[PDB]
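Q: This is model-v6.cif (mmCIF, C-alpha atoms; chains and numbers go by the auth columns).
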data_entry
#
loop_
_atom_site.group_PDB
_atom_site.id
_atom_site.type_symbol
_atom_site.label_atom_id
_atom_site.label_comp_id
_atom_site.label_asym_id
_atom_site.label_seq_id
_atom_site.Cartn_x
_atom_site.Cartn_y
_atom_site.Cartn_z
_atom_site.B_iso_or_equiv
_atom_site.auth_seq_id
_atom_site.auth_asym_id
ATOM 1 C CA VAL A 1 -13.852 -21.524 182.762 0.00 1 A
ATOM 2 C CA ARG A 2 -17.308 -22.019 181.364 0.00 2 A
ATOM 3 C CA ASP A 3 -19.679 -20.521 178.833 0.00 3 A
ATOM 4 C CA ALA A 4 -22.938 -19.851 180.709 0.00 4 A
ATOM 5 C CA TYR A 5 -25.429 -17.256 181.942 0.00 5 A
ATOM 6 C CA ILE A 6 -23.776 -15.096 184.609 0.00 6 A
ATOM 7 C CA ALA A 7 -25.859 -14.818 187.774 0.00 7 A
ATOM 8 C CA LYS A 8 -26.209 -12.354 190.607 0.00 8 A
ATOM 9 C CA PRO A 9 -27.551 -13.518 194.059 0.00 9 A
ATOM 10 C CA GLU A 10 -29.420 -15.737 194.438 0.00 10 A
ATOM 11 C CA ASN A 11 -29.467 -17.600 191.097 0.00 11 A
ATOM 12 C CA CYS A 12 -30.705 -14.724 189.009 0.00 12 A
ATOM 13 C CA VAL A 13 -29.747 -13.893 185.457 0.00 13 A
ATOM 14 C CA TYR A 14 -29.277 -10.404 184.022 0.00 14 A
ATOM 15 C CA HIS A 15 -32.134 -9.481 181.698 0.00 15 A
ATOM 16 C CA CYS A 16 -30.875 -7.789 178.527 0.00 16 A
ATOM 17 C CA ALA A 17 -31.949 -6.076 175.339 0.00 17 A
ATOM 18 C CA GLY A 18 -28.512 -5.425 173.850 0.00 18 A
ATOM 19 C CA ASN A 19 -25.155 -7.176 173.417 0.00 19 A
ATOM 20 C CA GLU A 20 -23.004 -4.339 174.674 0.00 20 A
ATOM 21 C CA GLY A 21 -24.294 -4.403 178.230 0.00 21 A
ATOM 22 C CA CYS A 22 -23.669 -8.151 178.425 0.00 22 A
ATOM 23 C CA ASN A 23 -20.248 -7.871 176.861 0.00 23 A
ATOM 24 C CA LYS A 24 -19.253 -5.278 179.468 0.00 24 A
ATOM 25 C CA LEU A 25 -20.934 -7.192 182.325 0.00 25 A
ATOM 26 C CA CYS A 26 -19.178 -10.411 181.353 0.00 26 A
ATOM 27 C CA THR A 27 -15.729 -8.966 180.774 0.00 27 A
ATOM 28 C CA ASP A 28 -15.972 -6.931 184.042 0.00 28 A
ATOM 29 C CA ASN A 29 -16.321 -10.301 185.692 0.00 29 A
ATOM 30 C CA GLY A 30 -13.402 -11.954 183.979 0.00 30 A
ATOM 31 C CA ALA A 31 -15.034 -13.431 180.941 0.00 31 A
ATOM 32 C CA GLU A 32 -13.593 -13.021 177.476 0.00 32 A
ATOM 33 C CA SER A 33 -16.823 -11.653 176.018 0.00 33 A
ATOM 34 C CA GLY A 34 -20.586 -11.805 176.290 0.00 34 A
ATOM 35 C CA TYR A 35 -23.762 -11.159 174.446 0.00 35 A
ATOM 36 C CA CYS A 36 -27.458 -11.044 175.054 0.00 36 A
ATOM 37 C CA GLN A 37 -29.200 -14.309 174.325 0.00 37 A
ATOM 38 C CA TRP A 38 -32.834 -13.768 173.287 0.00 38 A
ATOM 39 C CA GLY A 39 -35.556 -16.272 174.083 0.00 39 A
ATOM 40 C CA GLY A 40 -33.410 -18.613 176.023 0.00 40 A
ATOM 41 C CA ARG A 41 -34.344 -20.818 178.916 0.00 41 A
ATOM 42 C CA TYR A 42 -33.965 -17.906 181.382 0.00 42 A
ATOM 43 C CA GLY A 43 -35.527 -15.257 179.185 0.00 43 A
ATOM 44 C CA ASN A 44 -33.461 -12.713 177.339 0.00 44 A
ATOM 45 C CA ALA A 45 -30.265 -12.798 179.265 0.00 45 A
ATOM 46 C CA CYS A 46 -26.545 -12.254 179.276 0.00 46 A
ATOM 47 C CA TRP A 47 -24.460 -15.153 178.127 0.00 47 A
ATOM 48 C CA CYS A 48 -20.739 -15.007 178.897 0.00 48 A
ATOM 49 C CA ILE A 49 -17.940 -16.763 177.050 0.00 49 A
ATOM 50 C CA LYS A 50 -15.123 -18.240 179.111 0.00 50 A
ATOM 51 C CA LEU A 51 -16.482 -16.932 182.351 0.00 51 A
ATOM 52 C CA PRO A 52 -14.172 -17.896 185.265 0.00 52 A
ATOM 53 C CA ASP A 53 -15.051 -20.947 187.384 0.00 53 A
ATOM 54 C CA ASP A 54 -15.351 -18.670 190.315 0.00 54 A
ATOM 55 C CA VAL A 55 -18.053 -16.402 188.947 0.00 55 A
ATOM 56 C CA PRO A 56 -21.589 -17.690 189.701 0.00 56 A
ATOM 57 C CA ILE A 57 -23.814 -18.853 186.890 0.00 57 A
ATOM 58 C CA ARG A 58 -27.504 -19.450 186.498 0.00 58 A
ATOM 59 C CA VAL A 59 -28.512 -22.994 187.302 0.00 59 A
ATOM 60 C CA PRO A 60 -31.928 -24.668 187.138 0.00 60 A
ATOM 61 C CA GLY A 61 -34.439 -23.356 189.677 0.00 61 A
ATOM 62 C CA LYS A 62 -35.777 -19.959 190.637 0.00 62 A
ATOM 63 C CA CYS A 63 -34.165 -16.661 191.231 0.00 63 A
ATOM 64 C CA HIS A 64 -34.497 -15.522 194.882 0.00 64 A
#
Starting from the file, lay out its structure as structure tokens.

A:
Amino acid sequence: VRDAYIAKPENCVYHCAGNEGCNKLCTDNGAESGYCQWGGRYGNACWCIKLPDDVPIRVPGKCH
């Protein structure tokens, strides 16, 4: 498991403006919880806690 920004294809974070949406997005994908991280390195985006190793995460680079 890992704490990181969950990504959708291809290497794209989920923009957010509220913790609830991230919490639901993260837990729907196996994480224990999530919240919206403001002003991070990938903008305001969903951060998941204990996201499974098999769920993609945002890595350095662009979203495409």

Q: Selected by the PyMOL selection byres ((chain A and resi 36-46) around 9) in the shown coordinates: which residues, as number ranges by chain?

A: A: 4-7, 12-23, 25-26, 34-35, 47-48, 58

Q: Distance atom CA of residue 2 of chain A-atom CA of residue 61 of chain A, one decimal place?

A: 19.1 Å

Q: In Å, how far is it from atom CA of residue 64 of chain A to atom CA of residue 32 of chain A?

A: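 Separating atom CA of residue 64 of chain A from atom CA of residue 32 of chain A is a distance of 27.3 Å.
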
Q: Of the candidates A:57, A:63, A:51, A:1, which one gets nearest to residue 31 of chain A if we count all atoms listed in the file?

A: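 Closest residue, counting all atoms listed in the file: A:51.
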
Q: Using atom CA of residue 49 of chain A and atom CA of residue 33 of chain A as the two end points, give the distance in Å to one decimal.

A: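 Atom-to-atom, atom CA of residue 49 of chain A to atom CA of residue 33 of chain A, that is 5.3 Å.
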